[PDB]
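Residues 1 to 30 in the authors' numbering are what the sequence shown spells out, letter by letter. Backbone N, C-alpha and C fix where the C-beta goes; we use that ideal spot for every residue, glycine too. In what follows, a structure is listed as structure tokens, so that the remarks can point back to it.
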Amino acid sequence: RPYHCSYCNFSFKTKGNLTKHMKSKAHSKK
Ligand SMILES: [Zn+2]
Numbered sequence: 001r002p003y004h005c006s007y008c009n010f011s012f013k014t015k016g017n018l019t020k021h022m023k024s025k026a027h028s029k030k
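Here it is, written out as structure tokens:
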């Protein structure tokens, strides 16, 4: 999908959600 984590394979539906992943201390402060 046009929304795949920059690490995991957590495929979201929109930027808002995907951002929620990068938002938390997941792993993408870069
Ligand atoms: Zn991830």
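Query	Result
Sub-9 Å separation of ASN17 and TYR3 beta-carbons	yes
Short Cβ contact (9 Å threshold) for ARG1 with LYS15	no
Span of the alpha helix (DSSP H), counted from its first residue to its last, around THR19	15-23
Bridge partner(s) assigned by DSSP for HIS4	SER11
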